Amino acid sequence: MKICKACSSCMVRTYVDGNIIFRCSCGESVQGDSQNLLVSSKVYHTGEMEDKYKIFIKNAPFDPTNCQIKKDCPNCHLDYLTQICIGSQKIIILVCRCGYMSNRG
Amino acid sequence: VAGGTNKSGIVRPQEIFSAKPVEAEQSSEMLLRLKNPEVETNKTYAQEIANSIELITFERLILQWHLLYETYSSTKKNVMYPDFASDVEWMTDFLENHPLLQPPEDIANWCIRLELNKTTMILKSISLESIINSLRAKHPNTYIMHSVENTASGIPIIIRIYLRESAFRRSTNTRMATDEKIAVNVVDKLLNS
Amino acid sequence: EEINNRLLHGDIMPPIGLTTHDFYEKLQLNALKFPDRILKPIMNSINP
Amino acid sequence: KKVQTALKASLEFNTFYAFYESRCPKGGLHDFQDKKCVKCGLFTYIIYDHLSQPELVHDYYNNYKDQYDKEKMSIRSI
Ligand SMILES: [Zn+2]
Ligand SMILES: [Zn+2]
Ligand SMILES: [Zn+2]
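Protein chains in written order, with my numbering: chain W, 269 to 373; chain C, 2 to 194; chain X, 98 to 145; chain E, 5 to 82.
Written as structure tokens, this is what we have:
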């Protein structure tokens with residue numbers, strides 16, 4: 269959205285002769301240059317995106333209720349890892365408290 | 002009990018006794034017999050035909066879509082969204098790879114940017130070329146550009162659909178729809194193809 | 098257990114029309130059914 | 005040891021031929037005429053049998069194993 273400089277209100281976007289013009293309730297009118305060429309957007313599979321589980325994946329090595337697995341961590345050589353299974357495709361991620369995380373992330 | 006196969010406590014008897022229409026059926030099914038008796042003997046032939054008849058709408062192949070107020074000219078540098086300004090690199094390749102698919106002269110100020118779900122394209126076995134033909138055969142009032150079909154992870158496949166001016170000339174006498182309204186109506190038609 | 102091992106290595110590829118979760122659940126339900134051999138120890142412990 | 009090695013090989017072949025049962029490596033679904041696909045070299049009597057004619061199982065798999073590997077890795081990410 270575009271915020272009015274004068275009154276900091278949400279300006280109304282209309283389209284005139286091949287240009288996006290924002291007009292406010294206080295009469296201030298501005299035209300967006302490049303960053304306002306986004307009428308609408310949607311994101312699918314929001315329930316299994318990587319940005320969904322960033323906090324959870326970060327906290328997984330410290331949560332005591334997560335399933336562990338007997339595998340060596342290649343960074344700290346700890347002999348156990350934390351195994352999580354996220355998404356409808358059952359993506360398996362192995363995480364450790366040292367910062368190691370399978371899938372290279 | 003799951004959606005589409007709900008045969009839990011009384012539902013199907015209620016669908017029969019109440020004469021509920023087909024739109025209200027939670028467990029509708031159908032049995033199809035192959036035309037050739039020789040084909041029905043072989044399981045693989047019946048297996049590929051079964052996967053042939055399965056509604057894969059264009060929406061479910063999309064991870065995210067963006068509606069942009071942009072027009073495309075091959076020579077003139079029109080304004081482009083800054084987060085998607087890198088798309089021009091594969092636009093030049095498309096123009097030199099299709100000497101017959103040149104941009105029209107009546108492209109409107111409306112762009113739909115599509116980022117295909119490459120995982121769904123693999124599991125459902127749907128090629129990029131098949132999607133392009135299906136959309137161009139159903140929507141003659143649009144101009145469609147696409148990136149290269151890549152086999153390397155990390156680089157997505159981008160579908161770009163440009164609305165022509167005739168998309169609004171369909172019915173603009175009904176002035177109770179701004180050009181933003183028709184464009185939103187068009188993208189709903191594209192996704193449900 | 099070996100179905101889980103296939104899941105860990107990413108060796109479970111679901112067919113067309115099934116997600117990996119739904120195919121994994123289908124495999125587990127099939128693999129956790131008593132065979133017809135279960136009555137062999139049962140019938141050996143009883144006198145009909 | 006023999007049991008587990010043979011099981012590994014057989015399970016790998018079974019997974020490969022269950023993935024490419026109707027899915028075609030050349031894109032889309034299989035186009036079957038004269039009992040053979042036209043896009044690839046798949047035969048009908050190989051999808052469910054890997055023992056009677058092992059050589060024809062060790063050739064088709066040797067043709068698209070790589071492409072199979074990249075697709076398997078791609079599905080198991082993000
Ligand atoms: Zn204002
Ligand atoms: Zn570690
Ligand atoms: Zn084929």
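Where is the CB? At the ideal position from N, CA and C, for every residue including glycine.
Quiz item: Got a sec: does ligand 3 put a non-hydrogen atom nearer than 7 Å to the Cβ of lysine 76 of chain E?
Solution: It does not: the Cβ of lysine 76 of chain E is nowhere closer than 7 Å to a heavy atom of ligand 3.
Exercise. Go to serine 131 of chain C, then tell me how far its alpha helix (DSSP H) extends in each direction, as first and last residue.
Key: Membership of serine 131 of chain C in the alpha helix (DSSP H) is indicated by the continuous run 129-139.
Quiz prompt | Under 8 Å between C-beta atoms of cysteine 335 of chain W and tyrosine 368 of chain W | solution = Cβ distance not < 8 Å, so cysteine 335 of chain W and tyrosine 368 of chain W don't count as in contact.
Practice problem: Answer with yes or no whether the minimum CB distance from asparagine 118 of chain C to chain X is below 8 Å. | Solution: Among the residues facing chain X, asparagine 118 of chain C is not included, as its CB has no counterpart in that chain under 8 Å away.
Quiz item: Do we get a CB-CB distance below 8 Å when we pair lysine 125 of chain C with the residues of chain X?
Solution: So, interface residue.
Exercise. Pull every residue with its beta-carbon under 6 Å away from any heavy atom of ligand 2, and keep them in chain order.
Key: Selection output, chain order preserved: W/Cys341, W/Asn343, W/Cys344, W/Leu346, W/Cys364, W/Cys366, W/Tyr368.
Practice problem: Measure the alpha-carbon distance for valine 40 of chain C versus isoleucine 50 of chain E and round it to whole angstroms. | Solution: Distance between the alpha carbons of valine 40 of chain C and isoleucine 50 of chain E is about 17 Å.
Quiz item: Can a CB atom of chain X be found closer than 8 Å to the CB of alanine 13 of chain E?
Solution: Not an interface residue.
Practice problem: Mind checking who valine 188 of chain C pairs with in its DSSP beta bridge? | Solution: Partner(s): none; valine 188 of chain C has no beta bridge.
Practice problem: Show which residues of chain W have a CB atom less than 8 Å away from the CB atom of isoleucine 51 of chain E. | Solution: Result: empty, since nearest Cβ-Cβ is about 24 Å, beyond 8 Å.
Quiz prompt | Validate contact between the region 92-112 of chain C and the region 51-58 of chain C using beta carbons, cut 8 Å, 3 pairs | solution = Counting Cβ pairs under 8 Å, fewer than three are found: no touch.
Quiz prompt | Beta-ladder partner(s) of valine 363 of chain W, from DSSP | solution = When DSSP reads this structure, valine 363 of chain W sits in a beta bridge with W/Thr350, W/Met369.
Quiz prompt | Of the residues C/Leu32, C/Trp111, C/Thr120, C/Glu166, the one placed nearest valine 307 of chain W, counting alpha carbons only | solution = When only C-alpha atoms are compared, the closest one is C/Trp111.
Quiz item: Who are the neighbours of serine 370 of chain W on chain C, taking C-beta pairs under 9 Å?
Solution: In chain order: nothing, as chain C lies at least about 15 Å away.
Quiz item: Under 7 Å from any heavy atom of ligand 1, does the C-beta of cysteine 278 of chain W make it?
Solution: Incorrect: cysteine 278 of chain W has no Cβ contact closer than 7 Å to ligand 1.
Self-check item: Where the region 57-68 of chain C meets chain E: residues whose CB sits under 8 Å from a CB there
Solution: Residues are counted here when their Cβ sits less than 8 Å from a Cβ of chain E; for the region 57-68 of chain C the count is zero.
Quiz item: Could you give the residue range of the alpha helix (DSSP H) that holds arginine 291 of chain W?
Solution: Element bounds for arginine 291 of chain W: not the alpha helix (DSSP H) but the beta strand (DSSP E), 287-291.
Exercise. Write down the C-beta distance between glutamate 116 of chain C and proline 157 of chain C rounded to the nearest angstrom, noting that I regard them as a contact closer than 8 Å.
Key: Yes, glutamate 116 of chain C and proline 157 of chain C are in contact; Cβ-Cβ is about 5 Å, under 8 Å.
Quiz item: Would you say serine 81 of chain E faces chain C, with C-beta separation under 8 Å as the test?
Solution: Judged by the 8 Å Cβ criterion, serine 81 of chain E is in contact with chain C.
Quiz item: If we cut at 8 Å on Cβ distances, does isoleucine 361 of chain W have a partner in chain C?
Solution: No Cβ of chain C is located within less than 8 Å of the beta carbon of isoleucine 361 of chain W.
Practice problem: Find the residues of chain C that neighbour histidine 34 of chain E, judging by a C-beta separation of less than 7 Å, and give them in chain order. | Solution: Residues of chain C passing the Cβ test: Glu49.
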